[PDB]
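Novice:
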Amino acid sequence: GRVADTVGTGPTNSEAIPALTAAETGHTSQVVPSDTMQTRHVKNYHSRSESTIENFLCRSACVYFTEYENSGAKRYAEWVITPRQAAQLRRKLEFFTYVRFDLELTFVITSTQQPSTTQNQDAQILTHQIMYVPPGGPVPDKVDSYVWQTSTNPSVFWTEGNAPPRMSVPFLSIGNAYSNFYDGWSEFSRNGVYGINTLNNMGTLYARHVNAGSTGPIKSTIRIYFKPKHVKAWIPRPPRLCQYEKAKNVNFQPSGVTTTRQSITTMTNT
Amino acid sequence: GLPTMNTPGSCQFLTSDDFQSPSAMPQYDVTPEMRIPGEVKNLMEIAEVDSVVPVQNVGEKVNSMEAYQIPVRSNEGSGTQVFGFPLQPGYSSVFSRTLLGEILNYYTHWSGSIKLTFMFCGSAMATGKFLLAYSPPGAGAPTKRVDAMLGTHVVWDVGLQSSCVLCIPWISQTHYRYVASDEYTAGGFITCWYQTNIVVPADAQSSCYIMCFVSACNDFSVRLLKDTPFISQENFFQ
Amino acid sequence: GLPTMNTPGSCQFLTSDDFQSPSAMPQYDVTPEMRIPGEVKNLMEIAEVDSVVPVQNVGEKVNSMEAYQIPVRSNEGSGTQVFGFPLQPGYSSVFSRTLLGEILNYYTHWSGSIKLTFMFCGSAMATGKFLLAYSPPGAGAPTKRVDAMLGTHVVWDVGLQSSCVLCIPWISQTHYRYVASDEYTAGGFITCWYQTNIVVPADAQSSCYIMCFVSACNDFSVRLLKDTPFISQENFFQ
Amino acid sequence: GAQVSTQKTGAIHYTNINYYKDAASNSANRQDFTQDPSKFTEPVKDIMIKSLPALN
Amino acid sequence: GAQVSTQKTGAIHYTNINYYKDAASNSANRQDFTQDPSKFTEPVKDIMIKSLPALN
Amino acid sequence: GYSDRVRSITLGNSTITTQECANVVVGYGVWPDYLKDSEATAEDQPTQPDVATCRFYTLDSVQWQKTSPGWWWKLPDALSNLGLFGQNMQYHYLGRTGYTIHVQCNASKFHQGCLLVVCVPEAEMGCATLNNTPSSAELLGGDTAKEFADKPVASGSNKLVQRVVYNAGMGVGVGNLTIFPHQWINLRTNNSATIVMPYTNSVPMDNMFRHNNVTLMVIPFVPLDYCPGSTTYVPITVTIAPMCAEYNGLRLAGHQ
Amino acid sequence: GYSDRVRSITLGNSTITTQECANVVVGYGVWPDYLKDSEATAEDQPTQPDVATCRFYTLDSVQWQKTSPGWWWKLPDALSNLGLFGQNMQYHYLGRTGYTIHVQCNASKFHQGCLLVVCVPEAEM
Ligand SMILES: CCCCCCCCCCCCCCCC(=O)O
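Protein chains in written order, with the deposited numbering: chain 1, 12 to 281; chain 3, 1 to 238; chain 3', 1 to 238; chain 4, 2 to 12, 25 to 69; chain 4', 2 to 12, 25 to 69; chain 2, 8 to 263; chain 2', 8 to 132. A prime marks a further copy of an entry chain.
1) Residues of chain 3' with a CB under 7 Å from the CB of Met-211 (chain 3): which are they?
2) Quick one, which of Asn-39 (chain 4'), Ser-64 (chain 4') and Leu-68 (chain 4') has its alpha-carbon nearest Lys-240 (chain 1)'s?
3) Going along chain 4', which residues have a C-beta under 7 Å from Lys-61 (chain 3)?
4) Run through chain 2 and tell me which residues come within less than 9 Å of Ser-51 (chain 4'), C-beta to C-beta.
5) Taking Cβ-Cβ distances shorter than 9 Å, what residues in chain 4' pair up with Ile-25 (chain 4)?
6) By Cβ distance below 7 Å, which residues in the same chain neighbour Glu-145 (chain 2) in space, the five residues on each side in sequence not counted?
7) The alpha helix (DSSP H) with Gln-8 (chain 4') in it runs from where to where?
8) Verify whether the separation of the beta carbon atoms of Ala-204 (chain 3) and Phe-117 (chain 2) is less than 8 Å.
9) How would you call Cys-11 (chain 3'), buried or exposed, if buried means at least 16 neighbouring beta carbons within 10 angstroms?
10) Over the uninterrupted beta strand (DSSP E) stretch that includes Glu-253 (chain 2), give me the two end residues.
11) Name the DSSP bridge partner or partners of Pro-247 (chain 1)?
12) Excluding the 5 residues flanking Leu-86 (chain 2') on each side, which residues of the same chain have their C-beta closer than 7 Å to its C-beta?
13) In whole angstroms, give me the CA-to-CA distance for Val-160 (chain 2) and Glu-131 (chain 2).
14) Taking 7 Å as the cut-off, does the CB of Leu-216 (chain 1) come closer than this to any heavy atom belonging to ligand 1?
15) For a test of your reading of the model: does the CB of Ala-186 (chain 3') fall under 7 Å from any non-hydrogen atom of ligand 1? Yes or no.
16) Rounded to a whole number of angstroms, what is the C-alpha to C-alpha distance between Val-57 (chain 4') and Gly-34 (chain 2)?
17) Buried or exposed: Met-65 (chain 3'), going by 16 or more other Cβ atoms within 10 Å of its Cβ?
18) Determine the direct distance from the alpha carbon of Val-171 (chain 2) to that of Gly-159 (chain 3), and round the result to whole angstroms.
19) With 8 Å as the threshold, decide whether the Cβ of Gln-48 (chain 4) is near any Cβ in chain 3'.
20) Can you list the residues of chain 3 that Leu-68 (chain 4') reaches, using a CB-CB cut of under 9 Å?
21) One question on the structure: do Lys-52 (chain 4') and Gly-36 (chain 2) come within less than 8 Å of each other, judged by their Cβ atoms?
22) Taking 7 Å as the cut-off, does the CB of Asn-183 (chain 2) come closer than this to any heavy atom belonging to ligand 1?
23) When the Cα atoms are used, what is the spatial distance from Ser-92 (chain 3) to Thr-279 (chain 1)?
24) Can you list the residues of chain 3 that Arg-234 (chain 1) reaches, using a CB-CB cut of under 7 Å?
25) Does DSSP put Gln-20 (chain 3) in a helix, in a strand, or in coil?
26) Comparing alpha-carbon positions, which option in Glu-105 (chain 1), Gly-83 (chain 1), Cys-73 (chain 1) and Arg-51 (chain 1) lies nearest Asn-260 (chain 1)?
27) Residues of chain 3 with CB under 8 Å from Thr-7 (chain 4'), in chain order?
28) Ordered along the chain, which non-local residues of its own chain (more than five positions away) have a Cβ less than 7 Å from that of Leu-42 (chain 2)?
29) Closer than 8 Å by beta-carbon distance: list the chain 2 residues that pair up with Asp-50 (chain 3), in chain order.
30) Would DSSP call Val-154 (chain 1) helix, strand or coil?
31) Just to check, is the beta-carbon of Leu-68 (chain 1) closer than 7 Å to a non-hydrogen atom of ligand 1?
32) Straight-line CA distance for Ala-156 (chain 2) to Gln-125 (chain 1)?
33) Rounded to the nearest angstrom, how far is the Cβ of residue 1 (chain 2') from that of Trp-193 (chain 3'), given a contact under 8 Å?
34) Closest to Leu-18 (chain 2) by C-alpha separation, out of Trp-38 (chain 2), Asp-57 (chain 2) and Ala-49 (chain 2), would be which residue?
35) Cβ-heavy atom distance between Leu-147 (chain 2) and ligand 1 below 7 Å?
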């Protein structure tokens, strides 16, 4: 892959008019800078590589995180899988109407002590469990519930001090691609939930401590990272303008087109 | 046991790295591909598509349609300046929110040739000419048409055909340029000057409008992906 | 010492992974194979076997044999509805505990063609006809036979041969469908309407019964293994 | 003494080697697709034809 | 069953091998450069020539 | 002899002739067509009404005024009350279609103006308040054009859609909409515009009432400006032709 | 093996199976078909809905009593309220069709009776 060459040109007097066209045809003129002026023969070795889709969408990104503790009310963290709860990733996928790719998950887990008066706290190495539950499956309501046996559901056992865990997932959609934007209802009566929320059922993701690990309370932090691969795309569109509001719908707060400046002639931003 | 020595960089998580990982759901079955119109293989094919330019940012008009319109009015004397804006496609407020503006902000470096397409939306009978000038840096934006001449200019004429194409060539002492504002590599300037005052018949409207377009030529290229400062966040969306 | 760098994902235990491990009892001797009738190489060969359908779930009859029986009685007028049930083979209570129902619950996605086999167990002399209709979604279950006509229906007749086969074709806008309940992909409906009232001689019993069957055609397939919500537990068994 | 096979795709080769002396140490075989429904469906002595009545 | 390809340079070969049985385990493909702008620019039925007027 | 200003389109019975126009923008470059048997899903044999369906329709013409913000239609449900394509929509669970949109607004040489005809696949509009969602009655109307509103919509408890033009209802820059196929109606050199849309969707076929996959938008950039004494009332008219329709899964009559 | 008592008819979606019947009387001996271009008149291109139209319909079943004289239907207008064939009837000035009539009345071996199914072109009352 390489940039095209700019071919040289001498003077010109002739009835052929490159510099004119009609944009009303919805046709972007192909005119190259050699047409409207004199140009020297130049070889360009610049490459378009880093502009390909693959390098554009493929970077790890932090979609979300939770907090679960070693004791008390919340002993585990549950999250439904949507990319849209993190701003900067969701925008990178809103260029393309229909996207296709294979997720690569990576988790980053950290632990934190909590203030308490407990005496003779002595740590031990904690062990985190991460369980995936495809839709409709059983839902644990308590940490010791039988569902954690994971007779089937893919699950990962992890330990502090080791490398962050990683697993790859193939393309899970029913149709021929994921859909970022969907106009329609879920019900033939045009009622109920509107928007893309209906298409998205990915199941649920859970995590827990395996063992108490110490006498004193401990709070943990988990982080998910997507890294799309093998990407294909279709039907690009305008980037989003107004700040996001909700994760279930495109709702926005009306905001201006751009920033402003002084009188048209003024050559500097304000 | 084949002897081996770990090297610095083991057990680290790099954001951009390339590695193989074991699949979490073996022998999963993938639904077949479909043929969908409009398949993008590269972002450069977006960068060649025309887009409107909010050339008029003045005041509070940015909340209306008038941000996209350029007033053109019959004067009593010739040589007045129609408009002008600096060329900093990733920084300057003009191109900031444009189509080309968005794609750049993800990238630090770029080079190529930016086309500017103009289209005269005025009344069918009224005619006119215009001088589209490009002044490379080294001096302030020219304040008199006579000064704009010494740049690279295309005298453009209204008539049966409508659209015009001003192709800004690539002139710089480096190969690439920062997309972020810096005084070292600063791009240049652009102006539009009345060549000949707008002539209008009777009963035809005096004032017209001119819309601008932006696109990247086939020599365009970018580099060094990064974050875009525009989109904000506070706490996770719900 | 060949230089090497660990990558993220070392020293983790994945549930579904594929790896080699050292044997704990070297050179153990394995008893030879035997040829056992009925060797399964694939679960799909279970999914093609017939099974009875508890079509009648009404009330407390689920604790008796009558859950498998469909009452059919001579009426004074024609067009009454024999029965009906939604098609959601992994969710709907009908197919839930069936043979096909169990195998699905382990899998999230499926597609294929479900056959319904009906068999008339009534008296040998009594005869009758029936209209087996399938109405794809987009409207409620048809409440009048005239409405059931516009679906895909097989007019079926009692006689010397007994069994019938209603083959539900595969009609959906996607390739697969969720096995769990969702309004997006919802399957359809099925009804059975008297075509012609049951005619019985004298001294022969008035009321009959009709049992239903379920099987998967040879185009059936599934995907994405998971847990089944049915089986419970409290503490380890002893 | 390596070996080569094909991955699972939809619309490639991988190199595997057995490192141990015991059969039970080899990786699982996920790829055996052989299927013959005749051992559950159609378990009859007289072969029946679809296009004909069952009991003649 | 290895494979050989070329790195990304400006003014060499690397040996890659796929170790897993699932396509989604293979490394990303960074090198596909194929580009055809005609699907966005020039979306017209009548092919237009640069050297000629647009509306004749 | 020939001209590039003139075009004649013929589908089924209807025909549309225009003596001033530009070329015909075709989709992304894929001319619409039937369904190849490689991608098929439904195993029933599809109906192909052909001439009964493929032909041109004309919706209600809408006035165009100096302050008029713009308009949008939803194609999958617009025609639903017109012709057999409205009937063959209600009796099937699936449909596959592609659209030829033809917009007609003419004016004398003394009328300034510019329009923007874009055809936006899967335009998803937000809501007035942030929590709710638009009602099915507000996003749609039978054969009738819904119009934007030039200034922000006050946010109550209602379900109203957000009609501001500069965000185009999708919360994007209106100036950027040209990535989608489009053409410019310009009262100077043009009269009518034309678009051809192939079938775009995630899955090979779709239900028509649920999912409206193609949205049509006409946004004036340069308002109508004319000296007094010239005729005031200039309508805009839209023409919409399905192409290569197919249908599957015949069922009873209705949507519910 | 075979039997002449049994028949299976399939058109479009619907299917009708009967285990006791006789052969199928076909017209005067002309199997129905489309229109050859020798006899055509209308110069517009004809619509051929095919599966949307061709299929079986079931009208209202009518009781049969000891004194019941008989019944008559008019085919061109019966279906007019049913299915697309009812819709495609209202939107066109012309139509060309042929009919497959299937009448179903069953009884046990102890019921005497005889019926007459005739199909009368242009019955003028
Ligand atoms: C331990 C196993 C974890 C498995 C992680 C599964 C995560 C599924 C990711 C789905 C991806 C992005 C899809 C958006 C869905 C939609 O809106 O249609």
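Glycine is no exception: its CB is placed at the ideal position from the N, C-alpha and C atoms.
Specialist: Inspection of the coordinates gives the following:
1) Those do not exist, as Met-211 (chain 3) stays about 41 Å from chain 3' at its closest Cβ, beyond 7 Å.
2) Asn-39 (chain 4')
3) Going along chain 4', no residue has its Cβ under 7 Å from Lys-61 (chain 3), so there is no contact; the nearest lies around 30 Å.
4) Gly-36
5) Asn-31, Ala-36 and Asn-39
6) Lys-166, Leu-167 and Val-168
7) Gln-8 (chain 4') -> no alpha helix (DSSP H), and no H or E assigned at all.
8) yes
9) exposed
10) 241–257
11) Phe-107 (chain 1)
12) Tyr-64, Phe-92 and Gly-93
13) 17 Å
14) yes
15) no
16) 9 Å
17) exposed
18) 35 Å
19) yes
20) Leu-160, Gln-161 and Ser-162
21) yes
22) no
23) 8 Å
24) Result: empty, since nearest Cβ-Cβ is about 10 Å, beyond 7 Å.
25) coil
26) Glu-105 (chain 1)
27) The contacting residues do not exist; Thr-7 (chain 4') stays about 15 Å from chain 3 at best.
28) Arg-103, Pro-211 and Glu-253
29) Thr-185
30) coil
31) no
32) 54 Å
33) No answer is possible for residue 1 (chain 2'): it lies beyond the span of chain 2', which begins at 8 and ends at 132.
34) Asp-57 (chain 2)
35) no
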